[PDB]
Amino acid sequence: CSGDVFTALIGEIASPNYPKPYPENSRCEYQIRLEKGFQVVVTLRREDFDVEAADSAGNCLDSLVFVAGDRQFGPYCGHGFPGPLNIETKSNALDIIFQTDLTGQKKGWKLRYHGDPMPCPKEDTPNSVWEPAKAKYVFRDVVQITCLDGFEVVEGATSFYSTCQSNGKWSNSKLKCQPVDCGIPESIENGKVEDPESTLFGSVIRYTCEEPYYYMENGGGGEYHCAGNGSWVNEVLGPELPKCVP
């Protein structure tokens, strides 16, 4: 046969000279190369499938098989199609091999391929919501995941954006929603902060001073809490820390 490479997103091809009998004792090599992220879905009219059948052993002599990376689709032989009309290779690249033997004198085969975007499946939202929230996400689709109230994205915020990739995996799957961490309390000169059980959201700490050498200058300050800002804050002083004075 010796066909050229097939770049086009959609196409079709048959048992050469089709529907003349397939020339015995020859090998047919056909190369489809899509662009990565696009599986080759193959459609074959069973009435467009005629091949010299297998023996008692079920061993297919005349053979048409498909090479999809580690996946092998076949081995196919006979009159009338054995598998389904629709085949998902789950591959961007595909090779069609047709092996001929003796008394070709069978109509042959004819098929079409259409490329289909490889889906990036669902990661169950632990504490988050994806937008847009739909039923099936595929290649190139873009999503904004937004962390809830009390949760933040580690390696930074509360919102991030990810595509579905050519590998069928979401970009930045690594990033997840932890409860927000204001960190360890910063310490004040002439003052002691008594560390708590949680540096997380909702937690409360209170500063104290070296008594009776240094004192408040607060106005009711001292007590701080971890807010969604990722910072300990006071209702009066806010993000800033007390000053201890003689």
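One-based numbering along the sequence shown.
According to the entry, the deposited sequence has 1 to 3 residues without coordinates between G156 and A157.
For the pair 182 to 190 and 211 to 219, the record assigns the higher mean C-alpha temperature factor to 211 to 219.
As recorded in the PDB entry, 19 to 27 is the stretch of 19 to 27 and 6 to 14 with the greater mean C-alpha temperature factor. If you compare the C-alpha temperature factors of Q144, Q165, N127, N172 in the entry, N127 comes out highest. Sort the modelled residues of the chain by CA B factor and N59 lands in the highest third. In the deposited entry, the Cα temperature factor of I205 places it in the middle third of its chain's modelled residues. When all modelled residues of the chain are sorted by CA temperature factor, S91 is found within the lowest third. Ranked by Cα temperature factor within the chain, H114 sits in the lowest third according to the deposited record.
Compared with the other modelled residues of the chain, the Cα B-factor recorded for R140 ranks in the lowest third.
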